[PDB]
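Working notes, structure below.
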Amino acid sequence: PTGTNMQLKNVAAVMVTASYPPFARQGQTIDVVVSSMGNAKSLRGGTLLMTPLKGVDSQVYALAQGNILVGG
Amino acid sequence: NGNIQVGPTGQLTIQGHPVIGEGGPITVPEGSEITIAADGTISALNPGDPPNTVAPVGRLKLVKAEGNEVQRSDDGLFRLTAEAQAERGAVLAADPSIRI
Amino acid sequence: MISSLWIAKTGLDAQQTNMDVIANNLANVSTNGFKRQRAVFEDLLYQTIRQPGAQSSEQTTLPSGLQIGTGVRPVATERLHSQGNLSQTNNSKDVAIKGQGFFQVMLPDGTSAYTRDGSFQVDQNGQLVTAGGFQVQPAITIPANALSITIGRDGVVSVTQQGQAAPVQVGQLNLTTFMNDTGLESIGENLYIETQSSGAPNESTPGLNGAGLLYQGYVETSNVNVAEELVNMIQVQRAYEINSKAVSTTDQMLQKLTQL
Amino acid sequence: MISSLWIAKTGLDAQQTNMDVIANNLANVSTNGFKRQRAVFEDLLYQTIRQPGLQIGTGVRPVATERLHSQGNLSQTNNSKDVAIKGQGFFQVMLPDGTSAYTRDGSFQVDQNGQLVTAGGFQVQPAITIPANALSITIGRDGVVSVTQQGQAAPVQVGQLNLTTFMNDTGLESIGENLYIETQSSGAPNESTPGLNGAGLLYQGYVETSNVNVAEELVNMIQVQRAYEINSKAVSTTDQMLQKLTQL
Amino acid sequence: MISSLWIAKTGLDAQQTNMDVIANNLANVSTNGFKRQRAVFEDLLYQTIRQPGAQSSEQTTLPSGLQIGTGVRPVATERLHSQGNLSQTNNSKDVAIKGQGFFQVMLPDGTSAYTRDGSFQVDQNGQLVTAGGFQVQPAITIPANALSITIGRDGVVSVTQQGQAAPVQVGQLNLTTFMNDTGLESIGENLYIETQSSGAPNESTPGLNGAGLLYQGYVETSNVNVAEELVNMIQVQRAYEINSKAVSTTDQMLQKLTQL
Amino acid sequence: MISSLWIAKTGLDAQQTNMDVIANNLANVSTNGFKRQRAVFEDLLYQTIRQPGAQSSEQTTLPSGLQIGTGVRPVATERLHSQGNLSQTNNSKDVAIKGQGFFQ
């Protein structure tokens with residue numbers, strides 16, 4: 001429902017950045033960097049949900065989803 | 001000693017010794033108001049935020065031990081005697097019947 | 001030194017402020033174009049101690065925990081901008097407003113003030129001024145040999161000279177209306193000035209989109225209801241009694257602690 | 001040390017808290033839409049002594065104050081902008097920082113650009129924009145704010161004054177200036193039109209006065225003073241007993 | 001903190017409840033179709049201590065032991081449903097009930113309340129409504145060009161049109177009667193809502209089954225007898241003073257206990 | 001501070017309103033085409049300390065509980081539109097209405 005209070009603690013909004021390599025072909029995999037965006041304490045053992053990586057032209061060039069590795 | 005004091009980093013210390021909770025030593029969000037509960041539940045409120053965001057961050061580990069099972073150490077803190085250690089383990093299990 | 005004494009002191013000060021407002025309202029009964037004032041109070045802060053809604057126990061929460069309040073403090077005094085009852089003084093220069101408009105005058109400093117009182121006179125130079133000598137905008141000039149001054153419902157000031165069957169128009173009295181009428185700053189002397197909470201002065205003709213109608217020979221008396229003031233005086237006296245009793249009780253308690 | 005000084009001290013502190021609550025109730029006897037507070041005292045832990053059965057107390061501690069949400073009396077303001085609530089309901093008012101508080105003080109004003117605000121200047125949800133050339137503002141029983149303009153023979157609908165109802169009215173946090181914020185103990189602010197779903201009605205030209213009864217406060221002050229004297233006497237007796245002990 | 005003080009507290013508050021009942025009766029003297037209220041009080045608890053009837057000395061019982069009682073609590077306020085004096089106002093729309101009936105009115109939220117005030121008005125659509133804008137049931141609609149409205153004592157409503165020498169019946173005004181008229185819950189605005197202690201609404205036309213007869217041009221004034229209210233003032237004041245005297249005596253006793 | 005005081009305060013305002021209505025009616029005796037006013041009052045709030053009809057026990061119900069009332073409020077001030085007495089001024093420009101019409 002539109003009018004409701006959700007107060008989550010296990011979810012963080014993040015920005016994912018990656019490099020599109022030369023001569024990249026569909027189906028190949030690349031590394032991504034996940035950075036928190038607002039008042040999150042940690043991203044220790046989180047899992048990145050399906051994220052479309054846009055280019056400068058605002059077109060989806062990659063789809064990101066995986067487990068984050070934080071140093072510790 | 002229940003005189004619990006917070007730190008700038010937000011960890012709970014009693015006489016300089018960090019307080020032990022169910023997740024180990026208790027770390028509380030920095031600059032928050034704390035309300036310990038009748039069962040040791042720690043609720044943290046961020047100043048400025050509405051009272052709708054009061055969310056627990058941990059639980060104090062409260063244990064029950066009679067005077068026969070504890071001996072005083074040289075630093076003022078009590079610890080289980082050897083017999084009581086072999087009877088109830090090195091690490092005491094928290095008793096849920098303890099009120100605070 | 002003790003909390004209850006500060007709280008009761010704040011209560012006493014609030015009741016004294018209420019009595020001051022009542023006395024000011026009763027002192028201006030005979031003032032024309034006066035609006036009675038009413039003060040509104042608020043409580044002050046609230047000591048947190050035990051945050052309500054906290055986890056009382058792992059599965060339960062504290063319902064309505066321990067909040068300790070401080071005293072009281074007055075928010076603001078609002079005027080009651082309502083048409084004061086009219087009175088016939090049978091004077092060609094007295095003007096009363098039937099609606100929601102104001103007259104504009106110029107202070108000696110050059111700024112513009114606004115007054116609802118319509119007791120007007122003429123100066124030695126022939127301009128229409130108020131009782132304090134302030135020149136009423138828009139500066140209606142009455143000529144030397146006037147026989148009668150007629151101010152109509154729509155604000156036209158006309159002078160009938162000798163031997164002329166037609167009246168000579170010598171000005172046009174307009175009314176200024178504000179979005180927030182209570183937000184004006186009263187400087188005394190029946191004068192209100194524009195503040196940023198009173199919007200902007202909208203000039204309008206007396207009879208148009210909401211300016212009031214001008215009545216000649218009438219004065220708008222104050223809207224102070226006196227029986228209400230007497231009852232409120234009784235109420236204020238009793239409240240001050242009770243607050244003083246709270247102060248005295250706190251005084252008696254600290255005495256026993258001193259004796260300890 | 002181990003004695004009765006602390007028992008008596010915890011007792012005095014309780015009487016001090018009760019007196020603070022009474023003084024707060026009395027100071028806000030003129031505020032519009034004020035709910036009186038009552039402090040609840042409920043004793044501390046007990047120490048059990050085992051025989052070869054008996055339990056000694058420790059004192060008393062304040063737990064939580066409850067605000068009495070009964071409908072206060074209505075008084076007259078003949079001001080068209082003031083509305084009182086008949087029943088259970090709260091006006092929603094938007095604070096400058098962005099979070100919405102809830103108030104019952106129905107003394108409102110129109111600010112410099114239209115807009116209905118409380119006495120403190122905070123804007124009142126749902127936002128109303130009163131036209132400048134308004135001749136009379138009429139707020140209906142069901143919260144419809146209609147505005148009359150010169151010429152048109154029909155009033156113009158401007159806005160609806162919705163009431164926010166909480167299932168537990170006592171758990172709201174009193175933030176200070178006649179405003180409450182929702183809390184975990186008073187969650188789910190239910191917005192409704194006044195008159196339906198348990199919401200209260202609106203009386204225009206009336207303001208809801210405070211709920212503070214006077215006789216209760218005065219007699220409670222008498223009780224607090226006398227109990228404070230009793231606890232002070234107990235403190236003095238413990239002091240004399242310890243003095244006699246130390247002189248040995 | 002002491003028993004006598006709690007007993008005296010019930011006393012003061014209950015004489016105030018009386019005082020509130022008296023003030024409410026007085027404020028509604030001019031209200032049409034108002035019924036005066038009277039409060040009933042009962043004894044509070046009685047501590048057993050020595051049990052009356054318990055056998056002492058094996059063959060002798062103990063009569064009337066220590067039944068130490070607590071204060072007083074008001075049972076309930078009951079309305080005096082009696083016929084108020086009829087006042088003639090010479091209006092086609094005022095209807096007065098002379099018996100024991102109620103008019104039925106529909107609240108816009110869907111439910112129906114019951115009112116005795118007979119000052120009726122006509123909305124812009126021609127319906128017979130209450131002065132608060134609530135639409136009477138059944139539902140009397142009045143034609144546009146009505147010359148005279150006649151409400152008979154049987155509740156029939158007739159309208160005299162132009163060009164028609166015979167009136168046309170446009171409705172039938174019924175009266176609602178209840179098993180217990182004191183059990184209706186007063187919601188203000190001269191309106192009663194049905195409760196489970198007031199039985200169920202019994203519809204009856206005026207003149208049969210007991211419903212009263214409807215008079216046109218008359219209003220049923222309030223039944224408040226005011227000299228009785230003044231005499232009740234004098235008691236509600238003396239009783240409150242005496243209870244406050246008891247409070248003061250207990251206060252002095254406690255003070256001397258503390259001071260020693 | 002006391003509820004009885006507020007109830008009396010309202011009652012005083014209501015009676016002052018009645019007095020003002022009477023004074024206004026008397027002030028307009030000689031004016032032509034006047035309709036005298038009349039004020040209507042209604043019950044204010046009703047404090048339900050004990051609910052009338054509350055189920056005190058599984059068998060008995062409390063009749064007519066503690067309904068402590070507040071003061072009074074004037075519903076409105078309605079004008080009595082009735083035909084006033086006609087008087088002959090004997091001027092050609094004076095007109096009178098016999099029914100329920102209005103000049104525009």
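Residue numbering restarts at 1 for every chain of the structure tokens, chains are lettered A, B, ... in their displayed order, and ligands are numbered from 1 as they appear.
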List every residue of chain D that has an atom at most 8 Å from any atom of chain B, giving for each one its closest atom pair and the distance in Å to one decimal, counting only C-alpha atoms, sorted by chain and then by ascending residue number, as a tab-separated table.
```
residue	atom	partner	partner_atom	distance
D:99	CA	B:50	CA	7.5
D:173	CA	B:51	CA	7.3
D:181	CA	B:50	CA	6.9
D:182	CA	B:52	CA	6.4
D:183	CA	B:52	CA	4.5
D:184	CA	B:52	CA	5.1
D:187	CA	B:52	CA	7.5
```
What residues in chain D have any atom no more than 10 Å from chain A when counting only C-alpha atoms, and can you write them as a VMD selection string? chain D and resid 187 to 191
For residue 75 (chain F): contacts at 12 Å, only C-alpha atoms, fewer than 4 positions along chain excluded, given as a ChimeraX atom specification: /D:203-205 /E:31-32,119,130-133,188-190 /F:14,17,38-44
Could you jot down the CA of residue 217 (chain E) to CA of residue 152 (chain E) separation for me, Å, one decimal place? 11.0 Å
Please identify all residues of chain D having at least one atom at most 10 Å from any atom of chain F, considering only C-alpha atoms, and return them as a PyMOL selection string. chain D and resi 26+28-30+70-76+85-87+203+206+209-215
Which residues are close to residue 23 (chain D), i.e. within 8 Å by only C-alpha atoms, leaving aside same-chain residues fewer than 4 positions away? Reply as a PyMOL selection string. (chain C and resi 4+7-8+71+246) or (chain D and resi 19+27)
Since we have the selection now, will you write its residues out, keeping N, CA and C atoms, as a compact mmCIF listing (two decimals), in the first residue's frame?
```
# COMPACT_ATOMS: atom_id res chain seq x y z
N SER C 4 9.75 22.28 39.98
CA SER C 4 8.36 22.66 40.16
C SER C 4 8.23 24.16 40.37
N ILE C 7 8.43 25.79 36.97
CA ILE C 7 7.17 25.58 36.25
C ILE C 7 6.09 26.51 36.77
N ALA C 8 5.95 26.62 38.09
CA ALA C 8 4.94 27.49 38.66
C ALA C 8 5.24 28.96 38.40
N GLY C 71 7.03 24.37 32.11
CA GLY C 71 5.87 25.21 32.31
C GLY C 71 5.15 25.55 31.02
N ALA C 246 0.79 26.75 44.38
CA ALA C 246 1.82 25.79 44.00
C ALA C 246 3.21 26.27 44.41
N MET D 19 4.95 15.98 41.65
CA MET D 19 4.76 17.42 41.76
C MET D 19 5.08 18.12 40.44
N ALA D 27 0.12 24.65 34.91
CA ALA D 27 0.63 25.74 34.08
C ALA D 27 -0.04 25.77 32.72
```
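CA of residue 39 (chain C) sits 10.0 Å away from CA of residue 20 (chain C).
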Extract, using only C-alpha atoms, all DNA, RNA and protein residues at most 10 Å from residue 60 (chain F), discarding same-chain residues fewer than 6 positions from it, and format them as an NGL selection string. (:E and (197)) or (:F and (53-54))
Go ahead and dump the residues you just picked, C-alpha atoms, as a PDB file, in the first residue's frame.
```pdb
ATOM      1  CA  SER E 197     -30.906   0.304  26.814  1.00  0.00           C
TER       2      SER E 197
ATOM      3  CA  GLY F  53     -26.267   1.349  27.616  1.00  0.00           C
ATOM      4  CA  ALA F  54     -22.849  -0.026  28.566  1.00  0.00           C
TER       5      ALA F  54
END
```
Could you pull the residues within 12 Å of residue 83 (chain F), counting only C-alpha atoms, minus those fewer than 2 positions along the same chain, as a PDB file with N, CA, C and O atoms, in the first residue's frame?
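Final output, out.pdb:
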```
ATOM      1  N   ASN E  90     -46.194  31.707  16.213  1.00  0.00           N
ATOM      2  CA  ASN E  90     -46.964  31.980  15.002  1.00  0.00           C
ATOM      3  C   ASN E  90     -46.161  31.734  13.730  1.00  0.00           C
ATOM      4  O   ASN E  90     -46.026  32.633  12.894  1.00  0.00           O
ATOM      5  N   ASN E  91     -45.624  30.527  13.575  1.00  0.00           N
ATOM      6  CA  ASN E  91     -44.863  30.150  12.389  1.00  0.00           C
ATOM      7  C   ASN E  91     -45.451  28.892  11.766  1.00  0.00           C
ATOM      8  O   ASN E  91     -45.905  27.993  12.480  1.00  0.00           O
TER       9      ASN E  91
ATOM     10  N   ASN F  32     -39.411  50.346   7.571  1.00  0.00           N
ATOM     11  CA  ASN F  32     -40.314  49.621   6.689  1.00  0.00           C
ATOM     12  C   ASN F  32     -39.623  48.399   6.095  1.00  0.00           C
ATOM     13  O   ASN F  32     -38.421  48.419   5.821  1.00  0.00           O
ATOM     14  N   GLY F  33     -40.396  47.334   5.897  1.00  0.00           N
ATOM     15  CA  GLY F  33     -39.885  46.121   5.291  1.00  0.00           C
ATOM     16  C   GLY F  33     -38.803  45.440   6.101  1.00  0.00           C
ATOM     17  O   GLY F  33     -37.809  44.965   5.544  1.00  0.00           O
ATOM     18  N   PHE F  34     -38.984  45.385   7.418  1.00  0.00           N
ATOM     19  CA  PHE F  34     -38.025  44.756   8.313  1.00  0.00           C
ATOM     20  C   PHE F  34     -38.532  43.393   8.758  1.00  0.00           C
ATOM     21  O   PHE F  34     -39.736  43.181   8.927  1.00  0.00           O
ATOM     22  N   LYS F  35     -37.598  42.465   8.945  1.00  0.00           N
ATOM     23  CA  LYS F  35     -37.907  41.121   9.416  1.00  0.00           C
ATOM     24  C   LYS F  35     -37.127  40.860  10.694  1.00  0.00           C
ATOM     25  O   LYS F  35     -35.895  40.787  10.668  1.00  0.00           O
ATOM     26  N   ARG F  36     -37.847  40.714  11.803  1.00  0.00           N
ATOM     27  CA  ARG F  36     -37.239  40.564  13.116  1.00  0.00           C
ATOM     28  C   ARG F  36     -36.510  39.230  13.220  1.00  0.00           C
ATOM     29  O   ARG F  36     -36.927  38.236  12.617  1.00  0.00           O
ATOM     30  N   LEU F  80     -37.587  36.171  10.672  1.00  0.00           N
ATOM     31  CA  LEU F  80     -38.971  35.725  10.556  1.00  0.00           C
ATOM     32  C   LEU F  80     -39.611  36.488   9.403  1.00  0.00           C
ATOM     33  O   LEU F  80     -40.039  37.633   9.560  1.00  0.00           O
ATOM     34  N   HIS F  81     -39.681  35.845   8.238  1.00  0.00           N
ATOM     35  CA  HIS F  81     -40.219  36.475   7.036  1.00  0.00           C
ATOM     36  C   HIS F  81     -41.735  36.344   7.052  1.00  0.00           C
ATOM     37  O   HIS F  81     -42.297  35.371   6.543  1.00  0.00           O
ATOM     38  N   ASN F  85     -47.697  44.755   8.850  1.00  0.00           N
ATOM     39  CA  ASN F  85     -48.923  45.518   8.653  1.00  0.00           C
ATOM     40  C   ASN F  85     -48.719  46.593   7.593  1.00  0.00           C
ATOM     41  O   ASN F  85     -47.695  47.282   7.581  1.00  0.00           O
ATOM     42  N   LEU F  86     -49.695  46.730   6.701  1.00  0.00           N
ATOM     43  CA  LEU F  86     -49.649  47.760   5.676  1.00  0.00           C
ATOM     44  C   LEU F  86     -50.114  49.092   6.245  1.00  0.00           C
ATOM     45  O   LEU F  86     -51.068  49.149   7.028  1.00  0.00           O
ATOM     46  N   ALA F  96     -46.310  48.402  -1.780  1.00  0.00           N
ATOM     47  CA  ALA F  96     -46.231  47.382  -0.748  1.00  0.00           C
ATOM     48  C   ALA F  96     -46.537  46.018  -1.347  1.00  0.00           C
ATOM     49  O   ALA F  96     -47.307  45.899  -2.306  1.00  0.00           O
ATOM     50  N   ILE F  97     -45.927  44.989  -0.777  1.00  0.00           N
ATOM     51  CA  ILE F  97     -46.139  43.623  -1.214  1.00  0.00           C
ATOM     52  C   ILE F  97     -47.111  42.944  -0.258  1.00  0.00           C
ATOM     53  O   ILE F  97     -47.094  43.167   0.955  1.00  0.00           O
ATOM     54  N   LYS F  98     -47.977  42.101  -0.819  1.00  0.00           N
ATOM     55  CA  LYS F  98     -48.955  41.362  -0.039  1.00  0.00           C
ATOM     56  C   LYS F  98     -48.554  39.917   0.216  1.00  0.00           C
ATOM     57  O   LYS F  98     -48.946  39.358   1.246  1.00  0.00           O
ATOM     58  N   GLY F  99     -47.771  39.307  -0.672  1.00  0.00           N
ATOM     59  CA  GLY F  99     -47.383  37.922  -0.507  1.00  0.00           C
ATOM     60  C   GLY F  99     -45.950  37.738  -0.057  1.00  0.00           C
ATOM     61  O   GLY F  99     -45.565  38.205   1.017  1.00  0.00           O
ATOM     62  N   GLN F 100     -45.144  37.060  -0.879  1.00  0.00           N
ATOM     63  CA  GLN F 100     -43.788  36.696  -0.484  1.00  0.00           C
ATOM     64  C   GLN F 100     -42.806  36.961  -1.620  1.00  0.00           C
ATOM     65  O   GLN F 100     -41.963  36.117  -1.940  1.00  0.00           O
ATOM     66  N   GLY F 101     -42.903  38.138  -2.241  1.00  0.00           N
ATOM     67  CA  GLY F 101     -42.021  38.506  -3.326  1.00  0.00           C
ATOM     68  C   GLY F 101     -40.952  39.487  -2.873  1.00  0.00           C
ATOM     69  O   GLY F 101     -40.998  40.018  -1.761  1.00  0.00           O
TER      70      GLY F 101
END
```
Hey, list the chain B side of the contact with chain C: 10 Å cut-off, only C-alpha atoms, answer as an MDAnalysis selection string. chainID B and resid 33:45 51:56 58:59 96 99:100
Take the residues from that selection and put them in a file with N, CA, C and O atoms, as a compact mmCIF listing (two decimals), in the first residue's frame.
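As a result, result_24.txt now contains:
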```txt
# COMPACT_ATOMS: atom_id res chain seq x y z
N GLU B 33 20.48 7.99 21.16
CA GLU B 33 19.87 7.89 22.49
C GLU B 33 19.43 6.45 22.73
O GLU B 33 18.79 5.85 21.87
N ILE B 34 19.77 5.92 23.90
CA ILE B 34 19.63 4.49 24.19
C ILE B 34 18.55 4.28 25.24
O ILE B 34 18.57 4.93 26.30
N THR B 35 17.76 3.23 25.04
CA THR B 35 16.77 2.85 26.06
C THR B 35 16.92 1.35 26.34
O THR B 35 16.36 0.55 25.56
N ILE B 36 17.67 0.98 27.38
CA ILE B 36 17.79 -0.45 27.77
C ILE B 36 16.40 -0.94 28.18
O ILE B 36 15.65 -0.13 28.76
N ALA B 37 16.06 -2.20 27.91
CA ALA B 37 14.69 -2.69 28.20
C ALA B 37 14.70 -3.66 29.39
O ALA B 37 15.80 -3.97 29.88
N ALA B 38 13.52 -4.10 29.83
CA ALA B 38 13.41 -4.99 31.01
C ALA B 38 14.17 -6.30 30.77
O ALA B 38 14.50 -6.98 31.75
N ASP B 39 14.42 -6.64 29.50
CA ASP B 39 15.18 -7.83 29.19
C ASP B 39 16.52 -7.49 28.54
O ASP B 39 17.16 -8.35 27.92
N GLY B 40 16.96 -6.24 28.67
CA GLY B 40 18.24 -5.82 28.15
C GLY B 40 18.25 -5.42 26.69
O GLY B 40 19.33 -5.11 26.16
N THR B 41 17.10 -5.41 26.02
CA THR B 41 17.05 -4.98 24.63
C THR B 41 17.42 -3.51 24.53
O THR B 41 16.89 -2.67 25.28
N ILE B 42 18.32 -3.18 23.60
CA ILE B 42 18.85 -1.83 23.46
C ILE B 42 18.21 -1.20 22.23
O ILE B 42 18.41 -1.66 21.10
N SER B 43 17.44 -0.13 22.45
CA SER B 43 16.79 0.61 21.38
C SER B 43 17.53 1.92 21.17
O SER B 43 17.76 2.67 22.12
N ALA B 44 17.89 2.20 19.92
CA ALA B 44 18.68 3.37 19.56
C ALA B 44 17.82 4.33 18.75
O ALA B 44 17.20 3.92 17.75
N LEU B 45 17.79 5.58 19.17
CA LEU B 45 17.08 6.64 18.46
C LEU B 45 18.08 7.67 17.95
O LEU B 45 18.92 8.16 18.72
N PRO B 51 10.14 9.57 16.19
CA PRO B 51 10.17 8.40 17.08
C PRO B 51 9.67 7.11 16.44
O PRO B 51 9.56 6.10 17.14
N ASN B 52 9.34 7.12 15.15
CA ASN B 52 8.92 5.91 14.45
C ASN B 52 10.10 5.03 14.04
O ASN B 52 9.88 3.88 13.65
N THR B 53 11.33 5.53 14.14
CA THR B 53 12.51 4.81 13.68
C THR B 53 13.28 4.16 14.82
O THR B 53 14.40 3.69 14.60
N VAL B 54 12.72 4.12 16.03
CA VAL B 54 13.39 3.45 17.15
C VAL B 54 13.48 1.96 16.83
O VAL B 54 12.46 1.27 16.79
N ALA B 55 14.69 1.48 16.60
CA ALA B 55 14.91 0.09 16.24
C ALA B 55 15.98 -0.52 17.14
O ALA B 55 17.02 0.11 17.39
N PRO B 56 15.76 -1.73 17.64
CA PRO B 56 16.75 -2.35 18.52
C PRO B 56 18.03 -2.70 17.76
O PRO B 56 18.00 -3.05 16.58
N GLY B 58 20.64 -4.53 19.71
CA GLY B 58 21.25 -5.66 20.39
C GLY B 58 20.56 -5.92 21.70
O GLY B 58 19.55 -5.29 22.04
N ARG B 59 21.09 -6.92 22.42
CA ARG B 59 20.55 -7.31 23.73
C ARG B 59 21.71 -7.53 24.71
O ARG B 59 22.63 -8.26 24.33
N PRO B 96 16.98 -16.20 30.38
CA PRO B 96 15.92 -15.27 29.94
C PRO B 96 15.00 -14.81 31.06
O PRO B 96 14.23 -13.87 30.84
N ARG B 99 15.37 -10.13 34.94
CA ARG B 99 14.77 -8.83 34.64
C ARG B 99 15.86 -7.80 34.87
O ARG B 99 16.76 -8.07 35.66
N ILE B 100 15.76 -6.67 34.21
CA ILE B 100 16.70 -5.59 34.45
C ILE B 100 15.95 -4.26 34.42
O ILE B 100 15.21 -3.98 33.47
```
For residue 112 (chain C): contacts at 12 Å, only C-alpha atoms, fewer than 2 positions along chain excluded, given as a ChimeraX atom specification: /C:102-110,114-115,134-138,176,191-195,201
Step one, run DSSP on the backbone; step two, keep only residues of region 52-245 of chain E assigned to helix (DSSP H, G or I); then write them as a ChimeraX atom specification. /E:196-198,226-245
Let me see the file: selected residues, N, CA and C atoms, as a CSV table (one decimal), in the first residue's frame.
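This went into again.csv:
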```csv
chain,number,residue,atom,x,y,z
E,196,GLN,N,-28.9,0.3,23.2
E,196,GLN,CA,-29.5,-1.0,23.5
E,196,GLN,C,-30.3,-0.9,24.8
E,197,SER,N,-30.1,0.1,25.6
E,197,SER,CA,-30.9,0.3,26.8
E,197,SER,C,-32.2,1.1,26.5
E,198,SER,N,-32.4,1.6,25.3
E,198,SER,CA,-33.5,2.4,25.0
E,198,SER,C,-34.5,1.6,24.1
E,226,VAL,N,-36.0,27.0,37.5
E,226,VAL,CA,-34.7,27.7,37.8
E,226,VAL,C,-34.5,27.9,39.2
E,227,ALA,N,-35.6,28.2,40.0
E,227,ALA,CA,-35.5,28.4,41.4
E,227,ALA,C,-35.0,27.1,42.1
E,228,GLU,N,-35.4,26.0,41.6
E,228,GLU,CA,-34.8,24.7,42.1
E,228,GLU,C,-33.3,24.7,41.8
E,229,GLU,N,-32.9,25.2,40.6
E,229,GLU,CA,-31.5,25.3,40.3
E,229,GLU,C,-30.7,26.2,41.3
E,230,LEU,N,-31.3,27.3,41.7
E,230,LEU,CA,-30.7,28.2,42.7
E,230,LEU,C,-30.5,27.6,44.0
E,231,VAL,N,-31.6,26.9,44.5
E,231,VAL,CA,-31.5,26.2,45.8
E,231,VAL,C,-30.4,25.1,45.7
E,232,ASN,N,-30.4,24.4,44.5
E,232,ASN,CA,-29.3,23.4,44.3
E,232,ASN,C,-27.9,24.0,44.3
E,233,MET,N,-27.8,25.3,43.8
E,233,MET,CA,-26.5,26.0,43.9
E,233,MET,C,-26.1,26.1,45.3
E,234,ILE,N,-27.0,26.6,46.2
E,234,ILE,CA,-26.7,26.9,47.6
E,234,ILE,C,-26.2,25.6,48.3
E,235,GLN,N,-26.8,24.5,48.0
E,235,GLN,CA,-26.3,23.2,48.6
E,235,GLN,C,-25.0,22.9,47.9
E,236,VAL,N,-24.9,22.7,46.6
E,236,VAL,CA,-23.7,22.3,45.9
E,236,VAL,C,-22.5,23.1,46.4
E,237,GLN,N,-22.8,24.3,46.9
E,237,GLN,CA,-21.7,25.2,47.4
E,237,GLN,C,-21.4,24.8,48.9
E,238,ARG,N,-22.5,24.7,49.7
E,238,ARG,CA,-22.2,24.4,51.1
E,238,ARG,C,-21.6,23.0,51.3
E,239,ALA,N,-22.1,22.0,50.5
E,239,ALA,CA,-21.5,20.6,50.6
E,239,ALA,C,-20.0,20.6,50.2
E,240,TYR,N,-19.7,21.4,49.1
E,240,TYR,CA,-18.3,21.4,48.6
E,240,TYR,C,-17.4,22.1,49.7
E,241,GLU,N,-17.9,23.2,50.3
E,241,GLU,CA,-17.2,23.8,51.4
E,241,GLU,C,-16.9,22.9,52.5
E,242,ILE,N,-17.9,22.1,52.9
E,242,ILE,CA,-17.8,21.2,54.0
E,242,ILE,C,-16.8,20.1,53.7
E,243,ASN,N,-16.8,19.5,52.5
E,243,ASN,CA,-15.8,18.5,52.1
E,243,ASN,C,-14.4,19.1,52.0
E,244,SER,N,-14.3,20.4,51.6
E,244,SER,CA,-13.0,21.0,51.7
E,244,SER,C,-12.5,21.2,53.1
E,245,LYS,N,-13.5,21.4,54.0
E,245,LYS,CA,-13.1,21.5,55.5
E,245,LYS,C,-12.6,20.2,56.0
```
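The list of chain E residues within 8 Å of chain D is residues 1, 9, 12, 13, 109, 251, 254, 255 and 258 of chain E; this uses only C-alpha atoms.
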